[PDB]
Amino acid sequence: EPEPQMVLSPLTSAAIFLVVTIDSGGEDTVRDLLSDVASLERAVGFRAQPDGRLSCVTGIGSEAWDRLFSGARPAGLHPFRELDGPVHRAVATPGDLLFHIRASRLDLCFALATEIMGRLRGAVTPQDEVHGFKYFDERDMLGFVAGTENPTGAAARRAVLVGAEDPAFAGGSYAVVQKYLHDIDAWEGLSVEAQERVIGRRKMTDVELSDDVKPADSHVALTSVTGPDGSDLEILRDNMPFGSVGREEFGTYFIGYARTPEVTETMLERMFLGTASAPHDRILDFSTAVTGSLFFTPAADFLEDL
């Protein structure tokens, strides 16, 4: 049975997201680092266990894959597709490698980031670095609980991990990232009731709005998708607030894992392009995407063997 990366992590209150491009000639250095990244994760994290909860999920973009590896490609790997909606746009931005670093403390994330980037200096150019922090009651930058309807247990494994449909890549996953900046002033001018109509859940109690009252352009309504057999299509999300008070930057860093990118891409199409009943996701009236990238996160043993 192939060993996945730590895509299914315990709850963590801190994260670093690192997106880089691989410079010309940097391929060999990158391959060496990939074969050591799990041993660096253990080195940094083991002595802080059990409370540290340090993990690193490593992802590779479509164009980078062809530069690094010969043989088969993962079936669903392609560049992030830009969505040019009537009002809102989901931009595509460059990224060859993702490091999704999570722990209970930002310092542990930083120590691992420092070791990873130390080995890659001269081979990569940083595109994005975000230091994320979750609020103490699992709330996001909009004041709502984040993570409630994530799948757990076997339902999570089924939703996230590549299996028999792409057997050479079993135990992998696909990550989509988007960095969002919020208009906090406009958001906080809404009443709580109007915010609940945007999200589709109660703010304080986190109870879902009933079907008869939930707006068709609420976030929860548009990101609820049923498959060909009427089962729910699910993804696993670990959105993280970030910001700078001096620069008035108040953000949500979105990351979503799925067994195939088609699930995530269908959700994004509904959000940005809308449906028969909804012009677009009302969350986008307060949130602007400034990055967008797609990565394949291979099985841990795939990385170890190169």
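Quick note: we count residues from 1 along the sequence shown, nothing fancier.
- Just going by the entry, 205-213 versus 170-178 on mean CA temperature factor gives the higher value to 205-213.
- Looking at mean Cα B-factors across 22-30 and 247-255, the upper value is held by 22-30.
- Between the residues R158, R102, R139, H219, it is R158 that shows the highest Cα B-factor in the PDB record.
- Highest CA B-factor among the listed residues (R67, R270, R47, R237): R67.
- The deposited CA B-factor of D232 belongs to the highest third of values across its chain.
- The PDB entry assigns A154 a C-alpha temperature factor belonging to the highest third of its chain's modelled residues.
- In the PDB entry, a CA B factor belonging to the lowest third of its chain's modelled residues is recorded for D183.
- Residue-level temperature factors show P74 in the highest third of its chain, judged at the C-alpha atom.
- Per-chain ranking of the deposited C-alpha B factor places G95 in the middle third.
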